[PDB]
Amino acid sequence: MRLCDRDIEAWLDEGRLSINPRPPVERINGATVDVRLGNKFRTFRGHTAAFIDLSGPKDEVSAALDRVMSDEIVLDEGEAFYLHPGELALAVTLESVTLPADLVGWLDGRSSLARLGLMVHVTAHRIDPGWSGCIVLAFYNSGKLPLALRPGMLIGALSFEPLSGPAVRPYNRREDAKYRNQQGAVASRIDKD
């Protein structure tokens, strides 16, 4: 049972859910709220490491991650990020979303973007109960043309599903949660596993 548009509004109105800035009525429809693209990005520098050991020693993994990740890119006014076919990049939503303990969120991309090969997540689109922050995007261009991405564009959509009850270990209370207070296009923290 996803929340319909009307019930998304009522949750935002009660304060059970928060999205900041609040998208206007025109971006709240059916069962979704549209989200927008941020201005923070990150790319990869492959020439600095051979591989990433997903479950290796924490120090080695951490060092490899630091070598391979670019600095955070902040786009000048009227500047685009050019996402080329075959390229994975990180970005972020404009909006910060905060979920209560009794709700879960789901990121979709967009059919218009899908038909040009742009994936807005890499089999990870769950926004957990207790989540609070902007949402980091893993972009991949599976199409044949480079896509110019500009801050402010409509980039995806969120839906919302009540849980069977309130989560007992929501994300804000989980001591081994990686992504609380998530600022900008944060890189993988797989080394904290």
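Numbering starts at 1 and follows the sequence shown.
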Pick between 74 to 82 and 88 to 96: the one whose mean CA B-factor in the entry is higher.
-> 74 to 82
Between 123 to 131 and 54 to 62, the record assigns the higher mean Cα B factor to 54 to 62
Within-chain third of residue 68 by Cα B-factor, per the entry | highest
B-factor third for the C-alpha atom of residue 187 within its chain | lowest
Record-listed C-alpha B factor of residue 47: chain third | middle
Sorting the chain's modelled residues by C-alpha B-factor and splitting them into thirds places residue 27 in the highest
